[PDB]
J.: 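Please see the structure below; I have some questions.
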Amino acid sequence: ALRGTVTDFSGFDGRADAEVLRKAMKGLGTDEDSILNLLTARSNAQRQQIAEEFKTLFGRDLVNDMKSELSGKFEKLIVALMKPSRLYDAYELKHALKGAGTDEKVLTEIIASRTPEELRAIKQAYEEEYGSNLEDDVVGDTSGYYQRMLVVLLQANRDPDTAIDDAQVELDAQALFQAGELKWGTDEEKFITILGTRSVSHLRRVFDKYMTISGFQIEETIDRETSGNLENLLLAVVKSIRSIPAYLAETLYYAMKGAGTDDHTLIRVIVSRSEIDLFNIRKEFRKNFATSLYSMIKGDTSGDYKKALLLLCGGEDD
Ligand SMILES: [Ca+2]
Ligand SMILES: [Ca+2]
Ligand SMILES: [Ca+2]
Ligand SMILES: [Ca+2]
Ligand SMILES: [Ca+2]
């Protein structure tokens, strides 16, 4: 079902590749084309072996050399591509948090689209890497119901997917109805508990029944009822429950759609999902925005950046 765009190379020889990267960097200037062409053609696992061979062959650090050679968005793109899979999200998170300011958009985006299983792994990796607790870190950087919603999510405790209980679907839909529209003010607590812990197949049935019952889609009530970070967060959770590929295909679009471009987001989503479901994130992008992801990047990006990007994504028509 899920499908990425980048895969393992068939005739992979880590040693050969490491040499191609040395030549491409040795001497005056760089062959940014030889780098971008090689790296976006190997799975992330293979990129770790290549970086291994490079050290054992030349006693040099691949990532550090490139950090030295490449620049701007291309660097940032290659540097993110080199990051080990099990550590990238943890790396993006630790970076949204740190500093004086936080990037809630990253916290929301990562915490909402990632499955419980991935939330757990992301949690282990984060701790072993920066010697800190992810929760403790988020809690300390956020507040209000936004913080509570995140923490509920960080528990990666969401209920399991069993046969749907109708009476239970009705009870939950009616509960959300009374907690928002039929209430003077909002009972965010109920939204947080039901949205953050119920099983996926269940909540999907709850979204429909709630529409039937109120004439609204849960998304509109959320918008009518809430505001700020909690709003964006809850919209993010509802979207992912419906379809992560679609929710991510949507946040990518809004990164480019605007005049400029949010390269950070554009980079993060493509890289992070390249080997998970970037293929599906592609279909949902065409179906809902009429354009293929390809053509959209092709128009907003440039340089080797644009070249690497399009090769990771690929597929002109979607
Ligand atoms: Ca050089
Ligand atoms: Ca540089
Ligand atoms: Ca209300
Ligand atoms: Ca609003
Ligand atoms: Ca633009």
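Only heavy atoms go into these numbers, but all of them, side chains included; no hydrogens, no water, no symmetry mates. For reference, positions follow the sequence shown, starting with 1. Just so you know, ligand 1 is whichever comes first in the structure, and atom 1 is the first atom listed for that ligand.
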J.: Has the side chain of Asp277 got a donor or acceptor atom that lies under 3.5 Å from a matching backbone atom of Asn280?
T.: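 The answer is no, because no donor-acceptor pair under 3.5 Å joins these two groups.
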
J.: To make sure I understand the geometry: which N, O or S atom in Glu75 is closest to the Ca ion (ligand 2)?
T.: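 For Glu75, the N, O or S atom at the smallest distance from the Ca ion (ligand 2) is OE2.
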
J.: Going by atom types alone, do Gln178 and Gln174 pair a side-chain donor with an acceptor below 3.5 Å?
T.: yes

J.: Ignoring hydrogens and angles, write down the donor-acceptor pairs under 3.5 Å from the side chains of residues 58-66, residues two or more places apart or on other chains.
T.:
unit_1	atom_1	unit_2	atom_2	d
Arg60	NE	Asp65	OD2	3.4
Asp61	OD1	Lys55	NZ	2.7
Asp61	OD2	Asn64	N	2.8

J.: Within less than 3.0 Å of the Ca ion (ligand 5), any N, O or S from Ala259?
T.: yes

J.: Quick one: angle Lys67 O - the Ca ion (ligand 2) - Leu70 O, to the nearest 10°?
T.: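 Nearest ten degrees: 80°.
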
J.: Does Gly72 bring an N, O or S atom to under 3.0 Å of the Ca ion (ligand 2)?
T.: no

J.: Looking only at N, O or S atoms in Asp300, which is nearest to the Ca ion (ligand 5)?
T.: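 Going by distance to the Ca ion (ligand 5), the closest N, O or S atom in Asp300 is OD2.
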
J.: Is the count of non-hydrogen atoms from other residues, nucleotides or ligands lying under 6.0 Å from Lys26 atom NZ greater than 12?
T.: no

J.: If you have a sec, read the angle at the Ca ion (ligand 5) from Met256 atom O over to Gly258 atom O, to 10 degrees.
T.: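 The O/O angle about the Ca ion (ligand 5) sits at 50°.
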
J.: Within 45° of the axis and under 6.0 Å from the centre of the six-membered ring of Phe285, does NZ or CZ of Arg282 qualify?
T.: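 So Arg282 doesn't make the cation-pi contact.
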
J.: Quick check on the Ca ion (ligand 5): does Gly260 put an N/O/S atom closer than 3.0 Å to it?
T.: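 Within the cut-off used here (under 3.0 Å), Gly260 does place an N, O or S atom near the Ca ion (ligand 5).
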
J.: Would you give the angle at the Ca ion (ligand 4) between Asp223 atom O and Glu231 atom OE1, to the nearest 10°?
T.: 130°

J.: Relative to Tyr88, does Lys83 satisfy both conditions: NZ or CZ under 6.0 angstrom from the six-membered ring centre, and within 45 degrees of the ring's axis?
T.: no

